[PDB]
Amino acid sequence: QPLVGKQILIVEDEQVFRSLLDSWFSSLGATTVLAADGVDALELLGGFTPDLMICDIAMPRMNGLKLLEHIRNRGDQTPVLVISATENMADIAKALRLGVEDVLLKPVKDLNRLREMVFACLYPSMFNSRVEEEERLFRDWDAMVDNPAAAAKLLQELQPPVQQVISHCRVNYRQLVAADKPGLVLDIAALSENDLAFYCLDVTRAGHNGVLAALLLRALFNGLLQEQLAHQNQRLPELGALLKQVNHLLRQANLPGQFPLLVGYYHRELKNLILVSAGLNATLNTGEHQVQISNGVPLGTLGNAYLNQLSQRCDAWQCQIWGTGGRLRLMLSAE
């Protein structure tokens, strides 16, 4: 019973998931207090001091964002984990502005991730993991926007190694032209045992808002992709729709600019690469063919009409990617 002595307020209006969280936390030893909505949560906070809050957004009489606004105006600094089915990017941006430890988008696929995140909240000295650092990026968002040097340093520290194994696939890159240190930013991330996604961003076009956008995208890219596949009940994503959601996130986060981006996803069981570009030039070479990708127009404007997705079958590929910020070659092999 690791969580004995620790108090958790669960603010959730839907019965199945609230009972699920209540049972799971109680089995681990936590004292759980249940709130139907934001008003009920405030009344319960009149007589409970939680060590952690789990908070849904969409709720009848007060949504979780107004509850968060009230507790943070009162100077309460209790950690909050947001767990919400919301597809509204304004909600995620407002949650980040108000100060939260993390934002999980329902459905929660594996309980181990939520377990480690709760444990990072309730015992931060103990669970100083990668999850700790993700939550650190989530809660320090205001501190990041108010200090450009820290944001640039963090973005450079998050640039992945040039040689990796992700989802049983071999992934390399090389910067070829980088006159800017945070120039062409890259993220590559596993989604399951057998598929991965990646993004390459050009922060130099937009200046400082590029850097912040990169940080925000690193916090949330997987979460937005996973959610799409869960909510639309699909294995293979619709990356254009994802990038439209990314547009709405960067706009609602008050990060105006032009953000040249390429996003992709690979499934090794299906041997299936999917690519789409908003603003960056790219040439793919799959072993059998060379495919030149239409660069489209950058994110940061609404109405992007050129988010047309390209699918290719391959066991391995190399993509040259470039824009005004510089040049790199990203390389994958499924064997």
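The numbering used is simple: start at 1 and walk along the sequence shown.
Higher mean CA B-factor, judged across 185-193 and 136-144 from the recorded values: 136-144. For the pair 200-208 and 114-122, the mean B factor over Cα atoms is greater in 114-122. Of the residues listed, 129, 172, 84, 247, the entry assigns the biggest Cα temperature factor to 129. The PDB entry gives the largest Cα B-factor of the residues 65, 276, 299, 30 to 30. Among the modelled residues of the chain, residue 322 sits in the lowest third by CA temperature factor in this PDB entry.
Among the modelled residues of its chain, residue 332 has a C-alpha B-factor that falls in the middle third, as given in the PDB entry. In the PDB entry, a CA B factor belonging to the highest third of its chain's modelled residues is recorded for residue 20. Annotation for residue 43: CA B-factor lies in the middle third of the chain's modelled residues. In the deposited entry, the Cα temperature factor of residue 235 places it in the highest third of its chain's modelled residues.
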